[PDB]
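Step one of this worksheet: look at the structure below.
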Amino acid sequence: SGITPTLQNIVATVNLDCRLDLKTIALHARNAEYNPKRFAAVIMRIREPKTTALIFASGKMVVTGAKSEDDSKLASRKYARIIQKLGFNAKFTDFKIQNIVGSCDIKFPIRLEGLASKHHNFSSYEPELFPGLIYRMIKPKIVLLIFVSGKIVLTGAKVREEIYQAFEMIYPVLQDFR
Amino acid sequence: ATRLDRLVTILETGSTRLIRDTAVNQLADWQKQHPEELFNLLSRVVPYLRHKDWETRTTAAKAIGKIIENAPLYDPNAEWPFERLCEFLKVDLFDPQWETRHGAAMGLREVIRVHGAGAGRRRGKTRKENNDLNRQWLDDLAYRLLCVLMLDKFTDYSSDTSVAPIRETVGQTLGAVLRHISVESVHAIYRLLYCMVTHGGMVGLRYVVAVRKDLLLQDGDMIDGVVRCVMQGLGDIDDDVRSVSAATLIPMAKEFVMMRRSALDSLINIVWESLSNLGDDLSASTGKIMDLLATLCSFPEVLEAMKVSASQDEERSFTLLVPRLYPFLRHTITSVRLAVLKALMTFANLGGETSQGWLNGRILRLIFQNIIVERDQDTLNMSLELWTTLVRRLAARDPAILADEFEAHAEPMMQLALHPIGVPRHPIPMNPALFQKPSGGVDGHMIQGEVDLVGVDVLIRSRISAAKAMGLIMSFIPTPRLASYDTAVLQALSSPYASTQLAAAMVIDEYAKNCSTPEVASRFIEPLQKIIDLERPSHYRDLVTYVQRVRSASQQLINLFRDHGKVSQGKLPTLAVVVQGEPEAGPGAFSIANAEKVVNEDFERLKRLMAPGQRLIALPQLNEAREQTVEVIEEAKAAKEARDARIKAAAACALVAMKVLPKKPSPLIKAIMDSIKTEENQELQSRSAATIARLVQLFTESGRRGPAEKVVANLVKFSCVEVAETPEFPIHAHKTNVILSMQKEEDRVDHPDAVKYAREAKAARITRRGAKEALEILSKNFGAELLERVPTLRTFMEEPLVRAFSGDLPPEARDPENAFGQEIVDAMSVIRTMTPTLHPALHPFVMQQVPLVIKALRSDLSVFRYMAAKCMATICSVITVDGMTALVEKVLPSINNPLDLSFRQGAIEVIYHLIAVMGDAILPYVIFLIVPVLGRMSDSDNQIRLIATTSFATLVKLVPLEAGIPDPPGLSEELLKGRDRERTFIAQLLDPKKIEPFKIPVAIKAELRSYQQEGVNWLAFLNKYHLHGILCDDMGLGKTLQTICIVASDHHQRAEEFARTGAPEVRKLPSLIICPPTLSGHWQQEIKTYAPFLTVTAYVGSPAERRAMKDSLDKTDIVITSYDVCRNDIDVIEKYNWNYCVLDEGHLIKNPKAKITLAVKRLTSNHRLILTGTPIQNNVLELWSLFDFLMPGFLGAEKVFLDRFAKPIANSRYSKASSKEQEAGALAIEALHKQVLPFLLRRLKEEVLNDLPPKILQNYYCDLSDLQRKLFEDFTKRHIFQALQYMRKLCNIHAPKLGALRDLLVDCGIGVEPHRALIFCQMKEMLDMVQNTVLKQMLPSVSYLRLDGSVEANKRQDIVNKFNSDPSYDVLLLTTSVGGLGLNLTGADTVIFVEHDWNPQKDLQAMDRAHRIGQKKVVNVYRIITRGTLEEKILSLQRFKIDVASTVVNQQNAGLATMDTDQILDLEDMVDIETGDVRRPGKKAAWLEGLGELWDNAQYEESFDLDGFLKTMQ
DNA sequence: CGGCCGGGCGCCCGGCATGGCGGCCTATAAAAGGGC
DNA sequence: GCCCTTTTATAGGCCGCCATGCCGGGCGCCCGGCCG
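In the order they appear, the protein sequences are chains P and V. Taking the working numbering, the leading residue of the first sequence gets 1, the next gets one more, and so forth. Taking the working numbering, the leading residue of the second sequence gets 1, the next gets one more, and so forth.
Okay, here's the thing in structure tokens:
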């Protein structure tokens, strides 16, 4: 047991049941932005939940930036209602979470070279593309991450309690390393 | 760029509204001053209407509006001027792009508003027949705008309620246009729009009904039709149509109400029934219907309608209609949730008959639970105010009505208000059965207490707000009835939950606070005193998790003793199964003290007898485990400590609100102060902060001195704990000659070696935030009486400063080990915190401290200057006129002090802090302090230069629009006179209305020629503004006389006013002149004749004698020094502070790496000047070195200059026609020139003087023999230096060069048979070659003579003055690089260059031996060259180098230099991609392309609010 | 002794190939994925 | 289970660059010493 994590990001997706066009969304609204050259899909924002959403030509959606389950659902449903208002037919039916990003700061800096030495059977310490270490912990299945400064980031979970369950079991081992 | 064009640019780029609304005002006023040139302004401001950014487009629209206010209306009866502009905008009104249509509509809005009455008129046709054209034109514009309204499709869904910016703007423009047209056309517009009602441009009806009100009088059919439309709009399917149709009724209800009984009587019914149709989860249209209903229901005739309807039918009665609102009180969308509160609050104030029905217990209960479960700050605040109004009127009937009305809900709501919060993972849910639904008598995680989703700030705010509400009704209940509330709160006051106990203290705090008289609360004195000063319970139910964690760690240790300590069991301590504070736990349960004793004593006991020998390897793990348990145990204890402090504070504040103060008040004061220091939750801390001020007020009013004095001193100490805002004197006492304002760049500010720094950086600002608010509230409470009755707050603020700075700093202040140093860095912080909210009557007291603060600004210790600069920037920004006149007269002149450095650093630090703190309100005074900052931008010390350029980077952008700024309203004469003086002082630098020629005083000889007078005038111009430059004139001109003129004038002016006024900034200091050593006597004789009053001392001399001037050197007025002794004795000449540093030869310092330049750059001087013959010799980086001497911050860092100029120039070696290799250099040349231009002064001797003789040049070509070219080739087939030297050797009796020289000299009198010739070589061997052949075999007749480096300096003068005066010498043999400065070879006729050199300026300097002032015959120079050889490469490179050297300076003069000197002189924590499988790449596609930031929504409301437009439209 | 002679080393000047030093995009190579 | 695309790499050929290389010339400050 120990200090609790916090959640900093949420991601969800919907299969909006229609083959909706994009350039109409780019033209009619000030809110939307769009260009195929630099990115594949329309991007939208909205102010009350303070989230961003991506609308793909196949009708599939992604929502980002929410900080709770029901908040993300409210945002996604709101986006679905916006797209319906622009004249396209739509249905908000299938809702699935695809990511969680927990975050916390450990109370001490870490000599994480030992976390490679004693746990390389799961851990990895390469600085080539990112700072800190990666820990592809298998159960609960999250792509855990730790910085040298003690910042710890918990990624890839699908349900809220999973992050807490992962933190509670990683903390005793990182306690050993200063 | 004109003043107009620089000013109008500010409309597009500017710091804030306050600057741009001044820019537009100045632009319009300046147009009013020059009404004839209107379109010159319009063509410049109009193009911003197509700008891509909303924020500048709207202010450009405002500009084209304001600016046309001045012009007269067109009328031919007493070619419409804007016909081109309107013809353009009326077509941009259909641009496919979005931005341009908004711009066009908003521009047409202003044009039609201001000058619509004259639109489309024609010249020379009578009124009755051009009114036709006017009407037709306005109708056509209306037709276009209606077409846009029907075809608009560019909307905004970015918020809960949509908006259509293009539709709103064109609607406003149509509202503007239709005010001018006649009713005959308005009816057609109305009919067309009503057909458009049937998708719909209904906003036109809103604007039509807004601007015109003759129409509603003209016939009833207008009002009937519009509200028939609105009635069939309110009930529409599309929620968007519902909102816009509902909006139209809101502004026009008053002029709507009297039309007819039935229309209103039906409209109100449809409004009510459309409201009762329950809304969707994502429709905000209901919120605006709430405002419509709150508007209609406020007017009496609507009440009459509802009343008679109620008399007809009970189902329609107001008492039954009102509760239809209730289901919306917790609708998801924030807007409607608040709109319902607003409407119901309005219904509360609607009198007696309309309130008595629905205002009953149910709505009180519903609003109370609503305030508890609210999360948005605005909604909770509105609901609390609503509750206050309801309770107030319901009690204003009588107390017994309220008691009978609300007592039915006392138990559940009293239970709910006192409900605890709990720690995150283990919340206590609220009992959901208490939450009565609105229908009968989604976001429910708030009642779950789900702290993980909702931070404890929100929950603590909720509980204290509930207490703040319930303590109100507890005051209006008659006191015999209180038993149900009283017993509940008094039992909660001893609850095992810390949260419940604190909330009970909060409830009594509110009750005692607002109760009519304090003694009504008297029954609670004992139960609050005992909680304040009894020793506390040791366990708290909400904190159980912490001690559970402690037990877990202790169990880990005890198990570790088995697994790793090998301790046999049966004697270990048992750790209890139950943790203290848990329900039904007995006293035997696990306490924190039990853990603490286990963690050391039993630990040691087992270590006495665990596995022997293995102790040494059990030791590391056991010690780590003990450290872990020590980590958790103290954390739990600190958590208890904070919770206990918070409950103690909540008790103390209520008890002081009850006006009880025990005989010795130490426990109260400790309880409050320790909470101010600690509690982080701002909404809770503010309560203690206010009540401590209440305590001070009460103690001092009661006639008690000691406790008030003590506690005010204590919180004053608390004010200064923030190190980052009040630096520690013990750390900085030794630091001088450094400015702390720049020190943030330095390391160790954030102390990376220990995270303890971050802990303290939090904990210090946490206490400061509290103490500062306590001081401010105390100031607000005491007002004008403060310093009369809180004496210590005067003493700490004044007396240390008085003792410190009344005279010299006493020696005690210089010790970091001594207290008095810290006291006077503290006192200025006390002033800095007090003054911005001190009562205006005490401003004279603060102003009486300005003479001391400004004295402290001129002090040695850097920390003192830093605090003085911050304090002065605070005082002068709060008290503006008096503070700034004191500043302008006292410290502003000191900014130019050259004698010492401490004063100047403070004088610039205060400007930096003043600009930063004052912000964009500085405009009334920027003209005072711009040109001192421009002066300091070139100063010696690097700190001053950096701060000065940082300040000037912002200050320069304000000054284009300050010329014309209105005066401050209250204005001391001493400043206004200063303002006029400064305006005229800088006008000569701002425009070509220049000063007349400098009045060189008569003490200097009055013999100056025209160009020399112009040069002295230019040097005086430089001297005025403390600029520096190069007097890069050719030889022979009176450069020495000019520089001495300006230098002597400066010293004389400095001498006189030092005597006139007692100012240290002007007392005399010596100058120095650096020249090549031979010219020392020239300088001495010239200064001795032309400037007799100046003392001169020559530093050059034998070193044993030179040693004697280590201290005497300051006495003189001018020092003369050789470069080559300055390089040696820089160490002792640099220690002084000089005036007007003059270099007589810039060529010596041209190279950055030469030691002499590294020596010269170290000098500190008040003014700098270089008298070089030619700045450019090889490349522009040589000019960079000179400008690095003159003014380091101007031309930029060395390699940045290299990249920008040196390489692009070098690229043009082999330029082609119209190639980018050529164009890059062509760009670079002029880009450098336009920057360098005002600081050089180039004048050709051949253009200024015709007294000196004319000049002719010719090139002489020769052959390349067989043997020569064979040698060339046989070397060619074989570093570059070896080959280059060998080539230049071998390319020189059968050789062509000697033959060419022979045939040239036999083309002269010397060879055929008076005539004189100079022969120049570059290699001494070649001089020998010509010598040993021309007079030995070829032309023995010639009377030759020789002078080169081999000739000793003691006979060169005799040789040269023999040659130039004795006709017998025919030919002189010489090398170009000999002598240089003053070789007198003026008698020559012809100059023959036998070979050439890479340096062009050296060749010109060699030519100047003959082409000199001391001659009148023509000078004819020949250059011999051999076809095809390497000589041609040398000459071509020389041509390119002289080309750039010429064009980089080209024409220069005092008056031809430009006036725009100011324009050049400035020079996430985790990203895991969410568009695919999780990964940390660090860069992703979608967002990084410039998605940017979402705009604020306020800009819509500040541009579409109808009231502002309707005021703007008369 | 200072004044002047002679020897003395020091300090700046002046060009452009060339080797080291590095990263620019794409080669010949590799893992991971759309498509079959 | 296999082909080609995309991102990614260690290497190729260069774009682009930094700092150096010199010796024949010159002025100058400094020292030891003779001049009167």
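For each residue, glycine too, the CB sits at the ideal point set by N, CA and C.
From the options, pick the residue whose C-alpha is nearest to that of residue i; which is it?
i: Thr51/P; options: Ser58/P, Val63/P, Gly59/P; result: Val63/P
i: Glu785/V; options: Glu823/V, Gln1514/V, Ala841/V; result: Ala841/V
i: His1052/V; options: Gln1084/V, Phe1093/V, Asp1034/V; result: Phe1093/V
i: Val881/V; options: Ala1295/V, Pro968/V, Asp21/V; result: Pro968/V
i: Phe476/V; options: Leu459/V, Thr1121/V, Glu405/V; result: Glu405/V
i: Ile250/V; options: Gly287/V, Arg260/V, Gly225/V, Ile237/V; result: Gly287/V
i: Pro665/V; options: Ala907/V, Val1236/V, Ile692/V; result: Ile692/V
i: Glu1134/V; options: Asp1114/V, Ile1149/V, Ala593/V, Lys1153/V; result: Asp1114/V
Determine the contact status of residue i and residue j, defining contact as a CB-CB distance below 8 Å.
i: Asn70/V; j: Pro35/V; result: yes
i: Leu215/V; j: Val257/V; result: no
i: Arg646/V; j: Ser686/V; result: no
i: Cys876/V; j: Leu892/V; result: no
i: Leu575/V; j: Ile558/V; result: yes
i: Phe903/V; j: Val933/V; result: no
i: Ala611/V; j: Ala618/V; result: yes
i: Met742/V; j: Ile947/V; result: yes
i: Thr13/P; j: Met44/P; result: no
i: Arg481/V; j: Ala585/V; result: no
So, at 8 Å on beta carbons, what are the nonlocal neighbours of residue i in its own chain, with the 5 sequence-adjacent residues on each side left out?
i: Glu55/V; result: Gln1499
i: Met1459/V; result: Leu989, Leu990, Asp991, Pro992
i: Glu1221/V; result: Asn1211, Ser1212, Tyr1214, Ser1215
Apart from the five residues on each side of it in sequence, which residues of its chain come closer than 6 Å, Cβ to Cβ, to residue i?
i: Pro140/P; result: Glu162, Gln165, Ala166
i: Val244/V; result: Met202
i: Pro800/V; result: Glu823, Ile824, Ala827
i: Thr1174/V; result: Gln1401
Determine the burial state of residue i: buried for a count of at least 16 other Cβ atoms within 10 Å of its Cβ, exposed for fewer.
i: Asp71/P; result: buried
i: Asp509/V; result: buried
i: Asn942/V; result: exposed
i: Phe928/V; result: buried
i: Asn1250/V; result: exposed
Please go through the same chain and pick out, in chain order, the residues whose beta-carbon is closer than 7 Å to the beta-carbon of residue i, but skip the five residues on each side of it.
i: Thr100/V; result: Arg50, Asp92
Nearer than 7 Å: is that true of the beta carbon of residue i relative to any heavy atom of the ligand GDP?
i: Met884/V; result: Because no ligand of any kind appears in the structure shown, any question about the ligand GDP cannot be addressed here.
| query | Which runs of the alpha helix (DSSP H) spanning at least 4 residues fall entirely within the stretch 83-141 of chain P, listed in chain order? | reply | Listed in chain order, the complete alpha helix (DSSP H) runs (minimum 4 residues) inside the stretch 83-141 of chain P are 113-117.
| Where in the stretch 863-890 of chain V do unbroken runs of the beta strand (DSSP E), each at least 3 residues long, occur, reported from the N-terminal end onward? | Complete beta strand (DSSP E) runs here, min 3: none at all.
| request: Entirely within the stretch 587-636 of chain V and at least 4 residues each: give me those alpha helix (DSSP H) ranges in chain order. | output: The stretch 587-636 of chain V contains these whole alpha helix (DSSP H) runs: 592-597, 603-609.
| field | Minimum length 3: unbroken beta strand (DSSP E) runs contained in the stretch 1078-1126 of chain V | value | As far as the stretch 1078-1126 of chain V is concerned, its whole beta strand (DSSP E) runs of at least 3 residues are 1096-1098, 1118-1122.
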